[PDB]
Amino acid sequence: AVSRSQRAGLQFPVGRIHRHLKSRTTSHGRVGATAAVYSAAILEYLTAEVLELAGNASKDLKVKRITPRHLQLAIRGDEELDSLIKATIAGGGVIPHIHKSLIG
């Protein structure tokens, strides 16, 4: 007692993130005392935001565990998460959409 993540009321590691910031910002560079805390809070927020939407879909499909598919549905189903993450979600598939001109 007491860890820096605890004092900031976070689950994400302030200490590790501080060290990561201290990496490619060399010893010739510097890192603020609260920069790690602030950075940790953002990562935890975004993680929670993604996990909540994904967790919903997993239960909406009556499944206990979150799968890559649930993550894909949660991201592409959210306008802002979709624009933020233009990465490829492995094993996530695509959102089911058929063009209206294709249906008889």
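A residue's number is simply how far along the shown sequence it sits, counting from 1.
Note on 22-30 vs 45-53: mean CA B-factor is higher in 22-30. Remark: stretch with higher mean C-alpha B factor among 12-20 and 92-100 is 92-100.
Among all modelled residues in this chain, the alpha-carbon of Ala35 has a temperature factor (C-alpha) in the lowest third.
Remark: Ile66 belongs to the middle third of its chain, ranked by C-alpha B-factor as recorded.
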